[PDB]
Amino acid sequence: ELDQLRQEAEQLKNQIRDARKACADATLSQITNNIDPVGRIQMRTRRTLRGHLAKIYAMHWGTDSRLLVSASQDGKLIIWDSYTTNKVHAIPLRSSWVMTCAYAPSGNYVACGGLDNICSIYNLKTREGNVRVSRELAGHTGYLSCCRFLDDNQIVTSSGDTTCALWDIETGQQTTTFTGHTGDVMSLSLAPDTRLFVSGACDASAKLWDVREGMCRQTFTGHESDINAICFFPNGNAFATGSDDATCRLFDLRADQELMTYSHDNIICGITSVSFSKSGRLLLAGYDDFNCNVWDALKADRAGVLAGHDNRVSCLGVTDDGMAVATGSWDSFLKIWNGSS
Amino acid sequence: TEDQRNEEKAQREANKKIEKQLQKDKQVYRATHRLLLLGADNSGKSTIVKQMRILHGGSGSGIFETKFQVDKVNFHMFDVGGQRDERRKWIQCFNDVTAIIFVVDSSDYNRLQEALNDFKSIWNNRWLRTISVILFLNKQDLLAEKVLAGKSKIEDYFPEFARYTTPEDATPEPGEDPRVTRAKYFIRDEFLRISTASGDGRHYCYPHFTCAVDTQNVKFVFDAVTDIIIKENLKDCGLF
Amino acid sequence: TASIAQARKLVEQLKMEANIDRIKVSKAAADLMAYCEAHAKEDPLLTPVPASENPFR
Amino acid sequence: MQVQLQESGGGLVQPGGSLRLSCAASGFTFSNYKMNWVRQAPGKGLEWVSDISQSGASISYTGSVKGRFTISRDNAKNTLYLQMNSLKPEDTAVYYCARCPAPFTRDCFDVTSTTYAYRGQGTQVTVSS
Amino acid sequence: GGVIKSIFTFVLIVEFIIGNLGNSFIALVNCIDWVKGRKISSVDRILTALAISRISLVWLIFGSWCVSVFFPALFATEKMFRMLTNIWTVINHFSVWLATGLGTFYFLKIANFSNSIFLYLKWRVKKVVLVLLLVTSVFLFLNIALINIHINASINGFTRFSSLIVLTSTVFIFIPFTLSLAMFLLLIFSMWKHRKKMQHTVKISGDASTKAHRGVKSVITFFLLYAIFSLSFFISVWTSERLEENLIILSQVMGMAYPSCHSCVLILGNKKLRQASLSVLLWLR
Ligand SMILES: CC(C)CCC[C@@H](C)[C@H]1CC[C@H]2[C@@H]3CC=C4C[C@@H](O)CC[C@]4(C)[C@H]3CC[C@]12C
Ligand SMILES: COc1cccc2c1cc([N+](=O)[O-])c1c(C(=O)O)cc3c(c12)OCO3
Ligand SMILES: COc1cccc2c1cc([N+](=O)[O-])c1c(C(=O)O)cc3c(c12)OCO3
């Protein structure tokens, strides 16, 4: 009866495709034909943040848009004050292989993870001095690719074991395990309302999970390679996925289908990191060609190029106030980029 | 104001302490070499980690790291065994390693093609084009014990062994049959044909047949690492 | 029976996904239009903030 | 759309026969993806068999299929072909076509993995007499 | 008399030309890479500094020759002579010690010695070369003092005096050169020991090794040729009490030999410069 289930799966997939085709009344490029072009946007490196030894794999901005946490492959988590390019804390890490870092929205805890399979949560505002490992979360049978804090107590971590998870820091145990991805879950982003989160995997898919319920609401397909960068629209009703097919794609939750594909013939490298500006008009995508590209989101025009990194730009993040964009590369450098009037 | 001035002075003092610690860490980091152990499950890579963990000290959760001191030169070996069989995404964490020790079973003849395909994949990665591979053809004793005993001729797989002669260079061990040499160097020549028929001038493959003597293996790793360091110094000096 | 269970889980998830209310592309694209237009003035990367107010001067 | 690779062909064939396995791929630009053929023998793991590059210039095989089998890559029809000459009982296996991970690359790893996204369901080739 | 003078003049013109093309090539290629946002290694920074210093030296020597032929009046003002000598001593000191600093860079990054001092200096190559220049500033000062002492003594009391100052500056260039040659020999010794170790260990070769060997042979050839030529010049000045009436042109050609020949060797040795030279040769054809 396996053949019967396969036939039923094919029929349901065809039905969903037909529903999507019915819902595709027009193409986003048609509605955004009348938009005045964003113009050539040229932001400069306001501050270069040096001090890391090995490559920088992931960075996260704090809610105050001033402190940023950076993970390096040498085993270092540095909390930089972007305004004065001064390092506040330099946490040594047990396992040097770090691929994710998170700043708690409360600005108290810093998360890290990687090839050690463990999400290490570090308390910064301790009763005493120094920075110590507040908690270590184990239970993921794969490399931790992205970890994000919901509150000061709950953290969602996506791992290479084709699984995302929700952890209670105090309990130290998984509360809800999100399964259904076939490939390794690489990037994970939360909605502005921390109710749903969309996770991109290596199976050329993204999935919209409900945090409390624990079920995969929708699955978005369309990429031809690994979705290795995810980022919610500031509205919360769309997201952007960067893949190794050298394409970014704007998927939409309500229509449950792609809206538009940002790609160019010149670029053949995969996209490393994807971030939406505060207004959602700009998609800053990091590429393997040692530079970032700023696309228009509503149109598909390449608004700008953030050249200035020697190696691939591994991490990219816009601040909550949108005033700056930090791009960290494999050359042990993060650069803050800001636009000049 | 005064309070702001005191806060900025404190921030600069913390930054200075962090910079001192980072300078010390940089000294240690440049004093240690990164070795990534890759190979099949039948290959004895874990045996290698244990062999040099209890020979010069070592650290001792997924990654089985170890750190030792061979003639004052620090080495940081590590094996990633806690992950899944998909490796296109975490292998990228090892682009700056000094070397990749690829341990090959070299005694089963069934997974040898799988080993060659893995070697090709490692050799051709954009993130591993600049990384030299120290190839450790392990299980030489078993290779011999099967080659003399007959039973399963190697010619069944890899048909080119029918039209293969022992390389004129050669280096047979004191007591050894010519057939053992031919099989051994045929496997090594398959690996070197995979290595050389690709990017040159950025990374090299160092072949070594693993023996029961541990000191020879550690010496080969040390010598290969020294060659890699000298070659990367040549490249950074623009004399290559 | 692992394949049977995997296929059953796949078809159950696909059934959950199929009967999901879906809005036309035009309406949701217009929503993205409205969000981009309403919040365009407060985006510093799109419209650069004066150096007096920019903290990365 | 979804990455799909449907394989067709394969069946009971007497030893020493020939058979064409056709993998029709949809959902991606067939042109710029190195493509492999991988089989799985019963009671055994997945073994890479052949690979062909984007333009078709580079074709590589294993020892057991060095001269017997051939690989064709029709870009216009978005199809891959494995021609199977002088079949042997050692070839009784489930055959899959694998679009290896990244475009414009030949350094692709997870083609023989236990679980792999861009791999077809496959066709069962039995060479029972 | 006239024949040797004309021969030396033609040799001087050729040295001017090859120095100009070589050093302008180095400076232009590195500046092109810089303005185009390409890689800028420390070795090409030292190459830029060396090329600029060498082109300045070549300009100074050719201006000296222009003064001595096309306007032979300011050459004997007893003040322009001292001024030219002092500027040449300063620029040549900077250039020769920068070449020795490039040698120290190569030695401290490529050589593999087990001695504790070598490792201690190995991790501070920029500090080592900067300290080298700042220290050898004492050699610069003492050379300037000795040249000035000799010129004042001659003025108070010039072919023998010119010979003696030629000898003094030749010594002050021989010291950095001998240090650079000894350091190159130590690097070659490290190469030989490492090759012996890997031959015992078994290792394969390639085309890049062949190119590196060609570069090493070129550098050895240049060092030997310069050593024999400069020793010949020193012996000719010291011994030939005939005063060698045309000593000035010989001094100019010997002074300009280094900034041209060594720039050519550096072009042929550096991988980036070699690729640029091949590209330019292809573009010409
Ligand atoms: C052999 C190697 C070290 C090169 C040596 C070059 C030295 C010896 C050369 C280069 C520049 C030369 C000087 C250039 C111009 C003049 C002015 C003239 O009225 C007297 C000779 C005098 C003062 C030369 C003396 C020799 C000199 C200093
Ligand atoms: C292909 O060129 C080189 C290859 C390897 C070494 C050297 C070298 C070229 C030069 N050089 O500049 O002609 C030097 C010098 C020098 O002459 O400064 C001094 C040295 C050297 C080298 O090795 C250590 O000491
Ligand atoms: C301690 O070992 C060395 C010290 C100093 C130089 C070299 C060297 C070792 C090697 N090597 O790798 O054997 C080389 C090679 C080569 O053989 O690649 C080519 C070169 C070299 C060296 O100097 C310039 O050209």
# chains A, B, ... in the order shown; residues from 1 in each chain; ligands from 1
call {"tool": "residues_around", "arguments": {"residues": "residue D:5", "least_positions_apart": "4", "cutoff": "7 Å", "atoms": "only C-alpha atoms", "output": "list in words"}}
result
residues 23, 24, 25, 26, 119 and 120 of chain D
call {"tool": "residues_near_ligand", "arguments": {"ligand": "ligand 3", "cutoff": "7 Å", "atoms": "only C-alpha atoms and all ligand atoms", "output": "number ranges by chain"}}
result
B: 227, 230-231, 234, 239; E: 110-112, 187-188, 190-195, 209, 212-213, 215-216
call {"tool": "write_last_selection", "arguments": {"atoms": "N, CA and C atoms", "output": "compact mmCIF listing (two decimals), in the first residue's frame"}}
result
# COMPACT_ATOMS: atom_id res chain seq x y z
N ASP B 227 56.17 21.24 5.45
CA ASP B 227 56.16 21.55 4.02
C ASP B 227 55.01 22.48 3.66
N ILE B 230 55.89 25.98 4.86
CA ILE B 230 56.90 26.60 4.01
C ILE B 230 56.30 27.01 2.68
N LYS B 231 55.43 26.18 2.11
CA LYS B 231 54.84 26.50 0.82
C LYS B 231 53.89 27.68 0.92
N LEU B 234 55.96 30.67 1.08
CA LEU B 234 56.41 31.00 -0.27
C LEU B 234 55.32 31.73 -1.04
N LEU B 239 56.76 34.02 -4.14
CA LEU B 239 57.85 33.30 -4.78
C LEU B 239 57.39 31.91 -5.20
N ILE E 110 60.35 32.40 5.21
CA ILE E 110 60.47 31.18 4.43
C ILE E 110 61.35 30.15 5.13
N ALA E 111 62.44 30.58 5.76
CA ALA E 111 63.37 29.63 6.36
C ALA E 111 62.74 28.93 7.55
N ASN E 112 63.18 27.69 7.78
CA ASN E 112 62.66 26.84 8.86
C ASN E 112 63.85 26.36 9.68
N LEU E 187 69.03 30.91 3.84
CA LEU E 187 67.76 30.42 3.31
C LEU E 187 67.96 29.23 2.38
N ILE E 188 68.99 29.27 1.55
CA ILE E 188 69.28 28.14 0.67
C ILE E 188 69.68 26.91 1.48
N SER E 190 68.54 26.24 4.48
CA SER E 190 67.27 25.73 4.99
C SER E 190 66.54 24.95 3.91
N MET E 191 66.56 25.46 2.68
CA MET E 191 65.95 24.74 1.56
C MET E 191 66.57 23.36 1.40
N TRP E 192 67.90 23.29 1.46
CA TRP E 192 68.58 22.02 1.25
C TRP E 192 68.28 21.04 2.38
N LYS E 193 68.26 21.52 3.62
CA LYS E 193 67.94 20.64 4.74
C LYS E 193 66.51 20.13 4.67
N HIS E 194 65.56 21.02 4.33
CA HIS E 194 64.17 20.60 4.21
C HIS E 194 63.99 19.61 3.07
N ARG E 195 64.68 19.82 1.95
CA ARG E 195 64.59 18.89 0.84
C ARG E 195 65.17 17.53 1.22
N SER E 209 57.32 24.32 -8.15
CA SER E 209 58.67 24.09 -7.66
C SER E 209 59.71 24.42 -8.72
N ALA E 212 60.04 28.17 -8.91
CA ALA E 212 60.78 28.65 -7.74
C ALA E 212 62.28 28.37 -7.89
N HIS E 213 62.63 27.20 -8.43
CA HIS E 213 64.04 26.90 -8.66
C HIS E 213 64.65 27.84 -9.68
N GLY E 215 63.72 30.93 -10.19
CA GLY E 215 63.92 32.18 -9.48
C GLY E 215 65.16 32.16 -8.59
N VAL E 216 65.37 31.06 -7.88
CA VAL E 216 66.54 30.95 -7.01
C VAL E 216 67.82 31.01 -7.83
call {"tool": "residues_around", "arguments": {"residues": "residue D:4", "least_positions_apart": "6", "cutoff": "12 Å", "atoms": "only C-alpha atoms", "output": "ChimeraX atom specification"}}
result
/A:10,203-204,221-225 /D:23-30,78-79,97-99,117-122
call {"tool": "residues_around", "arguments": {"residues": "residue C:16", "least_positions_apart": "2", "cutoff": "10 Å", "atoms": "only C-alpha atoms", "output": "list in words"}}
result
residues 215, 216, 217 and 218 of chain A; 10, 11, 12, 13, 14, 18, 19 and 20 of chain C
call {"tool": "residues_near_ligand", "arguments": {"ligand": "ligand 2", "cutoff": "10 Å", "atoms": "only C-alpha atoms and all ligand atoms", "output": "compact mmCIF listing (two decimals) with C-alpha atoms, in the first residue's frame"}}
result
# COMPACT_ATOMS: atom_id res chain seq x y z
CA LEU B 234 56.41 31.00 -0.27
CA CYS B 237 56.05 36.01 -0.21
CA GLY B 238 55.12 35.80 -3.89
CA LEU B 239 57.85 33.30 -4.78
CA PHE B 240 55.60 30.55 -6.10
CA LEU E 47 58.45 46.10 -3.56
CA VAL E 96 70.06 49.25 -0.12
CA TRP E 97 68.81 48.74 3.42
CA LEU E 98 65.27 48.35 2.10
CA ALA E 99 66.56 45.61 -0.20
CA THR E 100 68.19 43.99 2.82
CA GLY E 101 64.89 44.39 4.66
CA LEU E 102 63.11 42.54 1.86
CA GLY E 103 65.75 39.88 2.28
CA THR E 104 65.03 39.77 6.02
CA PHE E 105 61.33 39.41 5.25
CA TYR E 106 62.06 36.47 2.94
CA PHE E 107 64.46 34.85 5.41
CA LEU E 108 62.23 35.25 8.46
CA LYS E 109 59.14 33.91 6.72
CA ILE E 110 60.47 31.18 4.43
CA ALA E 111 63.37 29.63 6.36
CA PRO E 176 74.13 45.58 3.70
CA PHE E 177 74.91 43.53 0.60
CA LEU E 179 74.30 40.72 5.16
CA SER E 180 71.72 40.06 2.44
CA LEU E 181 73.97 37.51 0.73
CA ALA E 182 74.63 35.68 4.00
CA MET E 183 70.90 35.62 4.72
CA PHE E 184 70.19 34.27 1.23
CA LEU E 185 72.79 31.55 1.79
CA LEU E 186 71.12 30.65 5.08
CA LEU E 187 67.76 30.42 3.31
CA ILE E 188 69.28 28.14 0.67
CA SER E 190 67.27 25.73 4.99
CA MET E 191 65.95 24.74 1.56
CA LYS E 211 59.49 28.10 -11.28
CA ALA E 212 60.78 28.65 -7.74
CA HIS E 213 64.04 26.90 -8.66
CA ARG E 214 64.40 29.14 -11.71
CA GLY E 215 63.92 32.18 -9.48
CA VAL E 216 66.54 30.95 -7.01
CA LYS E 217 69.01 30.37 -9.83
CA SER E 218 68.38 33.89 -11.12
CA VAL E 219 69.00 35.43 -7.70
CA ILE E 220 72.22 33.45 -7.22
CA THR E 221 73.42 34.54 -10.66
CA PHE E 222 72.72 38.20 -9.92
CA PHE E 223 74.38 38.04 -6.51
CA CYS E 261 69.57 44.74 -12.26
CA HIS E 262 67.98 43.98 -8.90
CA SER E 263 64.66 45.43 -10.05
CA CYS E 264 64.79 43.13 -13.07
CA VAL E 265 65.51 40.16 -10.79
CA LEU E 266 62.64 41.13 -8.49
CA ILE E 267 60.30 41.33 -11.48
CA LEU E 268 61.37 37.90 -12.69
CA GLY E 269 61.08 36.45 -9.17
CA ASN E 270 57.78 37.75 -7.81
CA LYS E 271 54.85 35.68 -9.06
call {"tool": "interface_residues", "arguments": {"of": "chain B", "to": "chain E", "cutoff": "9 Å", "atoms": "only C-alpha atoms", "output": "ChimeraX atom specification"}}
result
/B:27,30,200-201,204-208,219-220,223-224,226-227,229-240
call {"tool": "write_last_selection", "arguments": {"atoms": "N, CA, C and O atoms", "output": "CSV table (one decimal), in the first residue's frame"}}
result
chain,number,residue,atom,x,y,z
B,27,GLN,N,49.0,34.6,19.5
B,27,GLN,CA,50.3,33.9,19.6
B,27,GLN,C,50.1,32.4,19.7
B,27,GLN,O,50.7,31.6,18.9
B,30,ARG,N,48.6,31.0,16.2
B,30,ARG,CA,49.7,30.9,15.2
B,30,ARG,C,50.7,29.8,15.6
B,30,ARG,O,51.4,29.3,14.7
B,200,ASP,N,46.6,22.8,-9.3
B,200,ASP,CA,47.9,22.7,-8.7
B,200,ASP,C,48.4,24.1,-8.4
B,200,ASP,O,47.9,25.1,-8.8
B,201,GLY,N,49.5,24.1,-7.6
B,201,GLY,CA,50.0,25.4,-7.1
B,201,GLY,C,49.3,26.0,-6.0
B,201,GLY,O,49.7,27.0,-5.5
B,204,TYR,N,48.7,20.4,-2.2
B,204,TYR,CA,49.3,19.2,-2.6
B,204,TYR,C,48.9,18.1,-1.7
B,204,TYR,O,48.4,18.3,-0.6
B,205,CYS,N,49.0,16.8,-2.2
B,205,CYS,CA,48.6,15.6,-1.5
B,205,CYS,C,49.9,14.9,-1.1
B,205,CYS,O,50.7,14.7,-1.9
B,206,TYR,N,50.0,14.6,0.2
B,206,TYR,CA,51.2,13.9,0.7
B,206,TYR,C,50.8,12.4,1.0
B,206,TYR,O,50.0,12.1,1.9
B,207,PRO,N,51.3,11.5,0.2
B,207,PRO,CA,51.0,10.1,0.5
B,207,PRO,C,51.8,9.5,1.6
B,207,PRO,O,53.0,9.8,1.6
B,208,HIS,N,51.3,8.6,2.4
B,208,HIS,CA,52.0,7.9,3.4
B,208,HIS,C,51.3,6.6,3.7
B,208,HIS,O,50.1,6.6,4.0
B,219,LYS,N,55.9,11.6,12.7
B,219,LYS,CA,56.9,12.3,12.0
B,219,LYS,C,56.5,12.7,10.6
B,219,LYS,O,56.8,13.8,10.1
B,220,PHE,N,55.7,11.8,9.9
B,220,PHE,CA,55.2,12.2,8.6
B,220,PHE,C,54.2,13.3,8.7
B,220,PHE,O,54.3,14.2,7.8
B,223,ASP,N,56.3,16.5,9.3
B,223,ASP,CA,57.1,16.9,8.1
B,223,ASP,C,56.2,17.5,7.0
B,223,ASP,O,56.5,18.5,6.4
B,224,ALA,N,55.0,16.8,6.8
B,224,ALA,CA,54.0,17.4,5.8
B,224,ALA,C,53.5,18.7,6.3
B,224,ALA,O,53.4,19.6,5.4
B,226,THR,N,55.2,20.9,8.1
B,226,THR,CA,56.3,21.8,7.8
B,226,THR,C,56.4,22.2,6.3
B,226,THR,O,56.6,23.4,6.0
B,227,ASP,N,56.2,21.2,5.4
B,227,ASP,CA,56.2,21.6,4.0
B,227,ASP,C,55.0,22.5,3.7
B,227,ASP,O,55.2,23.4,2.9
B,229,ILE,N,53.5,24.7,5.6
B,229,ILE,CA,53.8,26.0,6.2
B,229,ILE,C,54.8,26.7,5.3
B,229,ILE,O,54.7,27.9,5.0
B,230,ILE,N,55.9,26.0,4.9
B,230,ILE,CA,56.9,26.6,4.0
B,230,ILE,C,56.3,27.0,2.7
B,230,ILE,O,56.6,28.1,2.2
B,231,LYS,N,55.4,26.2,2.1
B,231,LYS,CA,54.8,26.5,0.8
B,231,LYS,C,53.9,27.7,0.9
B,231,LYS,O,53.8,28.5,0.0
B,232,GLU,N,53.1,27.8,2.0
B,232,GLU,CA,52.2,28.9,2.1
B,232,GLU,C,53.0,30.2,2.4
B,232,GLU,O,52.6,31.3,2.0
B,233,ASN,N,54.2,30.1,3.1
B,233,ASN,CA,55.0,31.2,3.3
B,233,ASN,C,55.6,31.6,1.9
B,233,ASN,O,55.8,32.8,1.7
B,234,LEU,N,56.0,30.7,1.1
B,234,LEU,CA,56.4,31.0,-0.3
B,234,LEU,C,55.3,31.7,-1.0
B,234,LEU,O,55.6,32.7,-1.7
B,235,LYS,N,54.1,31.2,-0.9
B,235,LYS,CA,53.0,31.9,-1.6
B,235,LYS,C,52.7,33.3,-1.2
B,235,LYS,O,52.5,34.2,-2.0
B,236,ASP,N,52.7,33.5,0.2
B,236,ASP,CA,52.5,34.8,0.7
B,236,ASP,C,53.7,35.8,0.4
B,236,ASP,O,53.5,37.0,0.4
B,237,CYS,N,54.9,35.2,0.2
B,237,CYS,CA,56.1,36.0,-0.2
B,237,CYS,C,56.1,36.2,-1.7
B,237,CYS,O,57.0,36.9,-2.2
B,238,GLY,N,55.2,35.6,-2.5
B,238,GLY,CA,55.1,35.8,-3.9
B,238,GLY,C,56.3,35.2,-4.6
B,238,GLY,O,56.7,35.7,-5.6
B,239,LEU,N,56.8,34.0,-4.1
B,239,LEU,CA,57.8,33.3,-4.8
B,239,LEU,C,57.4,31.9,-5.2
B,239,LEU,O,58.1,30.9,-5.0
B,240,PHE,N,56.2,31.8,-5.8
B,240,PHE,CA,55.6,30.5,-6.1
B,240,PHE,C,54.8,30.6,-7.4
B,240,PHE,O,54.7,29.7,-8.1
call {"tool": "interface_residues", "arguments": {"of": "chain A", "to": "chain B", "cutoff": "7 Å", "atoms": "only C-alpha atoms", "output": "mmCIF file with N, CA and C atoms, in the first residue's frame"}}
result
data_model
loop_
_atom_site.group_PDB
_atom_site.id
_atom_site.type_symbol
_atom_site.label_atom_id
_atom_site.label_comp_id
_atom_site.auth_asym_id
_atom_site.auth_seq_id
_atom_site.Cartn_x
_atom_site.Cartn_y
_atom_site.Cartn_z
ATOM 1 N N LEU A 53 40.383 36.401 15.088
ATOM 2 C CA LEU A 53 41.539 35.684 14.563
ATOM 3 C C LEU A 53 41.184 34.911 13.297
ATOM 4 N N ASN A 86 34.661 49.509 20.179
ATOM 5 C CA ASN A 86 35.353 48.944 21.327
ATOM 6 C C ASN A 86 34.718 47.616 21.699
ATOM 7 N N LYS A 87 35.550 46.665 22.099
ATOM 8 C CA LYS A 87 35.075 45.352 22.498
ATOM 9 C C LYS A 87 34.688 45.372 23.968
ATOM 10 N N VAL A 88 33.456 44.969 24.254
ATOM 11 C CA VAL A 88 32.962 44.923 25.624
ATOM 12 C C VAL A 88 33.327 43.609 26.299
ATOM 13 N N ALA A 90 34.860 39.439 25.423
ATOM 14 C CA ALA A 90 35.471 38.491 24.493
ATOM 15 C C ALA A 90 35.393 37.115 25.139
ATOM 16 N N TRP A 97 34.491 25.643 16.788
ATOM 17 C CA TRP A 97 33.675 25.572 15.578
ATOM 18 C C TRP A 97 32.293 26.120 15.891
ATOM 19 N N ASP A 116 29.741 21.375 17.875
ATOM 20 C CA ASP A 116 29.713 20.689 19.155
ATOM 21 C C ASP A 116 28.341 20.136 19.507
ATOM 22 N N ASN A 117 27.324 20.413 18.693
ATOM 23 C CA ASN A 117 25.947 19.953 18.856
ATOM 24 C C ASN A 117 25.230 20.627 20.014
ATOM 25 N N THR A 141 21.208 16.112 17.389
ATOM 26 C CA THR A 141 22.152 15.175 16.786
ATOM 27 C C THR A 141 22.695 15.707 15.465
ATOM 28 N N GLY A 142 23.192 16.935 15.489
ATOM 29 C CA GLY A 142 23.680 17.576 14.283
ATOM 30 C C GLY A 142 24.167 18.967 14.612
ATOM 31 N N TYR A 143 24.849 19.566 13.644
ATOM 32 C CA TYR A 143 25.469 20.861 13.877
ATOM 33 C C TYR A 143 24.422 21.961 13.978
ATOM 34 N N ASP A 161 20.589 18.234 11.827
ATOM 35 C CA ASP A 161 19.893 16.957 11.901
ATOM 36 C C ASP A 161 18.484 17.034 11.340
#
call {"tool": "select_by_dssp", "arguments": {"residues": "chain C", "states": "helix (DSSP H, G or I)", "output": "ChimeraX atom specification"}}
result
/C:2-18,25-38
call {"tool": "residues_around", "arguments": {"residues": "residue A:98", "least_positions_apart": "6", "cutoff": "9 Å", "atoms": "only C-alpha atoms", "output": "PDB file with N, CA and C atoms, in the first residue's frame"}}
result
ATOM      1  N   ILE A  56      34.802  34.824  10.568  1.00  0.00           N
ATOM      2  CA  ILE A  56      33.596  35.159  11.314  1.00  0.00           C
ATOM      3  C   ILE A  56      32.428  34.465  10.638  1.00  0.00           C
ATOM      4  N   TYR A  57      31.698  33.653  11.394  1.00  0.00           N
ATOM      5  CA  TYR A  57      30.659  32.819  10.807  1.00  0.00           C
ATOM      6  C   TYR A  57      29.258  33.392  10.961  1.00  0.00           C
ATOM      7  N   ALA A  58      28.962  34.057  12.072  1.00  0.00           N
ATOM      8  CA  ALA A  58      27.638  34.620  12.273  1.00  0.00           C
ATOM      9  C   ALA A  58      27.719  35.786  13.243  1.00  0.00           C
ATOM     10  N   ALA A  71      30.692  35.631  16.206  1.00  0.00           N
ATOM     11  CA  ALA A  71      31.282  34.320  16.432  1.00  0.00           C
ATOM     12  C   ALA A  71      32.386  34.076  15.415  1.00  0.00           C
ATOM     13  N   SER A  72      33.554  33.664  15.898  1.00  0.00           N
ATOM     14  CA  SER A  72      34.682  33.349  15.038  1.00  0.00           C
ATOM     15  C   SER A  72      35.062  31.885  15.190  1.00  0.00           C
ATOM     16  N   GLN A  73      35.650  31.330  14.132  1.00  0.00           N
ATOM     17  CA  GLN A  73      36.034  29.926  14.130  1.00  0.00           C
ATOM     18  C   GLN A  73      37.217  29.638  15.038  1.00  0.00           C
ATOM     19  N   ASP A  74      37.870  30.667  15.574  1.00  0.00           N
ATOM     20  CA  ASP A  74      38.950  30.470  16.528  1.00  0.00           C
ATOM     21  C   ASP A  74      38.447  30.182  17.933  1.00  0.00           C
ATOM     22  N   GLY A  75      37.143  30.280  18.165  1.00  0.00           N
ATOM     23  CA  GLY A  75      36.579  29.996  19.465  1.00  0.00           C
ATOM     24  C   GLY A  75      36.324  31.245  20.273  1.00  0.00           C
ATOM     25  N   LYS A  76      35.873  32.307  19.614  1.00  0.00           N
ATOM     26  CA  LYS A  76      35.691  33.591  20.268  1.00  0.00           C
ATOM     27  C   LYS A  76      34.333  34.177  19.928  1.00  0.00           C
ATOM     28  N   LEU A  77      33.655  34.679  20.954  1.00  0.00           N
ATOM     29  CA  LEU A  77      32.425  35.447  20.804  1.00  0.00           C
ATOM     30  C   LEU A  77      32.716  36.849  21.314  1.00  0.00           C
ATOM     31  N   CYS A 112      25.400  30.697  21.475  1.00  0.00           N
ATOM     32  CA  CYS A 112      26.360  30.224  20.490  1.00  0.00           C
ATOM     33  C   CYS A 112      26.122  28.742  20.252  1.00  0.00           C
ATOM     34  N   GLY A 113      26.629  28.252  19.132  1.00  0.00           N
ATOM     35  CA  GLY A 113      26.495  26.845  18.810  1.00  0.00           C
ATOM     36  C   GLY A 113      27.262  26.532  17.550  1.00  0.00           C
ATOM     37  N   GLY A 114      27.360  25.241  17.257  1.00  0.00           N
ATOM     38  CA  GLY A 114      28.061  24.814  16.066  1.00  0.00           C
ATOM     39  C   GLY A 114      28.271  23.320  15.979  1.00  0.00           C
ATOM     40  N   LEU A 115      29.488  22.914  15.624  1.00  0.00           N
ATOM     41  CA  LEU A 115      29.802  21.505  15.431  1.00  0.00           C
ATOM     42  C   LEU A 115      29.795  20.711  16.727  1.00  0.00           C
ATOM     43  N   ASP A 116      29.741  21.375  17.875  1.00  0.00           N
ATOM     44  CA  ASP A 116      29.713  20.689  19.155  1.00  0.00           C
ATOM     45  C   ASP A 116      28.341  20.136  19.507  1.00  0.00           C
ATOM     46  N   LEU A 144      24.592  22.827  14.971  1.00  0.00           N
ATOM     47  CA  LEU A 144      23.693  23.951  15.183  1.00  0.00           C
ATOM     48  C   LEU A 144      24.012  25.053  14.187  1.00  0.00           C
ATOM     49  N   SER A 145      23.085  25.322  13.274  1.00  0.00           N
ATOM     50  CA  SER A 145      23.317  26.300  12.222  1.00  0.00           C
ATOM     51  C   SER A 145      22.770  27.679  12.549  1.00  0.00           C
TER      52      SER A 145
ATOM     53  N   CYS B  93      33.480  24.676   7.493  1.00  0.00           N
ATOM     54  CA  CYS B  93      34.110  25.148   8.718  1.00  0.00           C
ATOM     55  C   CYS B  93      35.596  24.860   8.755  1.00  0.00           C
TER      56      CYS B  93
END
call {"tool": "residues_near_ligand", "arguments": {"ligand": "ligand 1", "cutoff": "9 Å", "atoms": "only C-alpha atoms and all ligand atoms", "output": "PyMOL selection string"}}
result
chain E and resi 60-61+64-65+68+75-78+80-86+88-89+92+151+158-159+161-163+165-174+229-231+233-234+247-258
call {"tool": "closest_atom_pairs", "arguments": {"of": "chain B", "to": "chain D", "cutoff": "7 Å", "atoms": "only C-alpha atoms", "output": "JSON lines"}}
result
{"residue": "B:85", "atom": "CA", "partner": "D:113", "partner_atom": "CA", "distance": 6.1}
{"residue": "B:86", "atom": "CA", "partner": "D:110", "partner_atom": "CA", "distance": 5.6}
{"residue": "B:87", "atom": "CA", "partner": "D:110", "partner_atom": "CA", "distance": 6.8}
{"residue": "B:88", "atom": "CA", "partner": "D:109", "partner_atom": "CA", "distance": 6.0}
{"residue": "B:121", "atom": "CA", "partner": "D:107", "partner_atom": "CA", "distance": 5.2}
{"residue": "B:124", "atom": "CA", "partner": "D:107", "partner_atom": "CA", "distance": 4.8}
{"residue": "B:125", "atom": "CA", "partner": "D:107", "partner_atom": "CA", "distance": 4.8}
{"residue": "B:157", "atom": "CA", "partner": "D:63", "partner_atom": "CA", "distance": 5.7}
{"residue": "B:158", "atom": "CA", "partner": "D:63", "partner_atom": "CA", "distance": 4.6}
{"residue": "B:159", "atom": "CA", "partner": "D:63", "partner_atom": "CA", "distance": 6.0}
